[PDB]
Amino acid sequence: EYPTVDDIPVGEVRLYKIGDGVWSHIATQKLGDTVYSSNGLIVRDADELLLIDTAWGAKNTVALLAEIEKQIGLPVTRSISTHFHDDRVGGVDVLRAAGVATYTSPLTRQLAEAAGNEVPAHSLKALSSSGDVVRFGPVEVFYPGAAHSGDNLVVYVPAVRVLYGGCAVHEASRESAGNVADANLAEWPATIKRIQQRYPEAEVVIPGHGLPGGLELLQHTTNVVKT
């Protein structure tokens, strides 16, 4: 029942309930004759929502906001982008236009700028070194170290033990690492290990692209990387 590229008509966005007060959002995008799906997270905090990652571009992110209003009916007041690529910050200007306070780490803001990508407006402090963790509303934000990118963050929802790994984590069906142009393959194994050690009670692990699973996706990612 989890949405895939063959049930999402590009330009549209689906929500999938993961646990109490937690949804993933799923969208699709085409690069060079190739279409992908991409996930993000939505977390309720009292009567507002925290958004994790855009829906991969302006058009999709507009549709995301509409779908949130339709299905949940609470306002997105803040967002976090988990790295500097377009599937994470593409659509940040849509969020800004809608009045969302947009955040990411200082390093992600720098990399996004260098790349010519949209840049969240605000910095999350105290995430500069590997192992750094901060609280932000109903979640923890963790910088586990370099992996898919030098800046990649993970997000944990402690009340329901949901770990959003973003693109630092591969779905079970992936056999390759995908885009490694910004990756640190030598460091990726130790970064996963730091995630494993920090969140041993996670029940759901959500990858940046593809099907959610459990803690087994972490070791799987390490196995995929060793190529």
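Heads up: residue numbers just count along the shown sequence, starting at 1.
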Next on the checklist: So, looking at the entry's B-factor column for Cα atoms, which has the higher mean, 121 to 129 or 85 to 93?
Outcome noted: 121 to 129
Checklist entry - Of the two stretches 38 to 46 and 175 to 183, which shows the higher Cα B-factor on average in the entry? => result 175 to 183
Next on the checklist: Can you tell me which of 159, 167, 27, 63 has the maximum CA B-factor listed in the PDB entry?
Outcome noted: 159
Checklist outcome for this item: Highest CA B factor of 78, 135, 148, 109, as deposited, is found at 135
Checklist entry - Which third of the chain does residue 33 land in by C-alpha B-factor: lowest, middle or highest? => result highest
Next on the checklist: Looking at the temperature factor on the CA atom of residue 191, which third of the chain's modelled residues does it land in?
Outcome noted: middle
Checklist outcome for this item: residue 211: CA temperature factor from the record, placed by chain third, in the middle
Checklist outcome for this item: Chain-relative C-alpha B factor for residue 22 (record values, thirds): the lowest
